[PDB]
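Take a look at the structure set out below.
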DNA sequence: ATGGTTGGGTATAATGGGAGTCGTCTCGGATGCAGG
DNA sequence: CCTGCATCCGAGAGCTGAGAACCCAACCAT
């Protein structure tokens, strides 16, 4: 229903999984993800 | 965590006040309304289970 | 500090943000004259 | 034109009065509720 | 569900306006207003009555104090105008349509203004409706000759209506508007005094900063009158089994001991 | 005759919101979908 | 067209004790 504006969609998706002010895996969450997945995370969010 | 929530309210109010008023008369002290911060801390320390 | 993006006019100020309750030497708080304890919370850790 | 609204010992209670505290409006650091002139506390052991 | 999204969808279903379309609509409503006053002076009837009947006809029978026979008979009575007078009727009808269209197009300005008044005792939709009332008032009193944009004059009316609604409906115990603004000014002065002093001000400081005619007893009385009541259903204790009213005795009905 | 209370007005321009909630389990009825 | 079969929603889940604009002018009440 919401109009599919490019910037509005960008802001919504950025806030959902990519905004450090909204999405936050803790330091413990970062450590758990790194040890389970065997990767190195740049930050505490799902995407950059 | 409660402090962070209060700071989020403070920042939201600060942005609201920034998008208003003569930009020449705007000072750091004038933009910040601290009341939600006390609201959050006091609610945590008086009402949290 | 209040900073203009182009002008560079710097306005520095110390702001009173309020009061933070202080933990006593034994580890408790005095809220409205009553002794209180904050109980630690166990929950599921963030991660994958 | 006045009536008794005094504080009395509830049934099954009592003891020895060991402390009394009086707080009035205006004493430094006192923050009373609006309308309340003074508060009296009695500690009984 | 989610009525805010439904209202936003309905409000977005109406397209915006440009400057030319806006000035056209305002000119048409202005000429319609001039037409209804001209007609009222010609026939000698109350302008409000003829405006209401004309708008009732423009809406239709869907909009049911005036019996249908009455408004229909007046409509036929206005069909007795030879010429250069039915033009007044047509201009008035087009002006009413212009009024409707302009209000529908600019309801979004009401939404934009009201979205920054949330969290003050009134829900968002109530704020939107009061802003809509203010927008209708502004459309009524807008003069397009000044070449000013519609929003410039509409914003003041919308904000006035919203502020009046906050002052008049936010509290279960009604407090008059002057006392409401006095309380807000007291709170603002108190917070500035707290910022400057680094602690909660005493009543003396607030009274001093208020100005002449303000002393500690007056600020104490104002603060006592500004308290809002609490709910009888406030949960007491951790478990969900005790309410506040469980601790309130009745002092009106006589006790069995008193009755004897 | 006084305060307390109420109605009206402000003119550059402004035009679709925001918190939230994710660890119960079953059971019974109403219901839409799949097959024949 | 009938039927069965997942799917969704709603309604339950022991007792007692206690715990955030401002201003200006007209107008009824007492």
Taking the Cβ-Cβ separation of residue C:17 and residue A:11 as r and a Förster radius of 30 Å, what is the calculated FRET efficiency to the nearest 0.05?
0.55
Report the residues of the stretch E:123-167 in range of a label on residue B:16: point 7 Å along Cα→C-beta, backbone N strictly under 20 Å from it.
E:123-132, E:155-167
When you look at the Cβ of every residue in E:164-173, what mean number of other chain Cβ atoms sits within 10 Å?
0
Give me the Kirkwood hydrodynamic radius of the stretch E:132-238, using the inverse of the mean 1/r over all pairs of distinct Cα atoms, in Å to one decimal.
17.2 Å
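Between residue D:20 and residue E:175, take the C-beta separation as r, use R0 = 30 Å, and let me know the FRET efficiency to the nearest 0.05.
Values: r = 39 Å, r/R0 = 1.32.
My answer for the efficiency is 0.15.
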Rounding to the nearest 10 and keeping the result within 0 to 90°, find how far the Cα-based axis of helix B:35-47 lies from the longest principal axis of chain B.
0 degrees
Roughly how far apart, in whole Å, are the Cα centres of the stretch E:189-260 and the stretch D:24-45?
15 Å
Cα extents of chain B per principal axis, largest first, Å, are 46, 13, 11
A student asked for the Cα radius of gyration and Dmax of chain D in angstrom ought to give 13.8, 37
Where the Cα atoms of chain C are projected onto their three principal axes, how long is each span, largest first, in whole Å?
50, 43, 17
Volume per residue that the Cα convex hull of chain E spans, once the total is divided by residue count, Å³:
315 Å³
Expressed in µm² per second, the diffusion coefficient of the protein assembly as shown from the Stokes-Einstein equation, with Rh the Kirkwood radius over alpha carbon pairs, at 4 °C and 1.567 mPa s, is 44 µm²/s
Rounded to whole Å, give me the distance from the Cα center of chain C to that of the stretch E:139-153.
49 Å
With bins 5 Å wide starting at 0, give me the P(r) of the stretch E:45-157 over every alpha carbon pair, in whole percents.
2, 10, 17, 17, 15, 14, 11, 8, 4, 2, 1, 0
Rounding to the nearest 10 and keeping the result within 0 to 90°, find how far the Cα-based axis of helix A:27-37 lies from the longest principal axis of chain A.
80 degrees
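Given a Förster distance of 25 angstrom, what is the FRET efficiency for residue E:84 paired with residue E:24, based on the Cβ-Cβ distance and rounded to 0.05? Numbers along the way, then the final one.
Working: r = 24 Å, r/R0 = 0.95.
So the FRET efficiency works out to roughly 0.60.
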Could you tell me what % of all Cα pairs in the stretch E:195-239 have separations over 14 Å?
64 percent
Over all Cα pairs of the stretch E:76-137, the Kirkwood radius sets Rh, and Rg/Rh then becomes 1.29
If the convex hull of the alpha-carbon atoms of chain A is projected onto planes in all directions, what is the mean projected area in square nanometres?
4.1 nm²
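What 222 nm value per residue comes from the helices of chain E, counting each DSSP H run with n ≥ 4 as -39,500 (n - 2.57) and dividing by all residues, nearest 500 deg cm²/dmol?
Value at 222 nm, helices only, nearest 500: -21000 deg cm²/dmol.
Counting neighbours? That spans all protein chains shown, and the Cβs are built from the backbone with ideal geometry, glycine included. Read-outs: derived from the displayed coordinates by stated rules, not from any lab.
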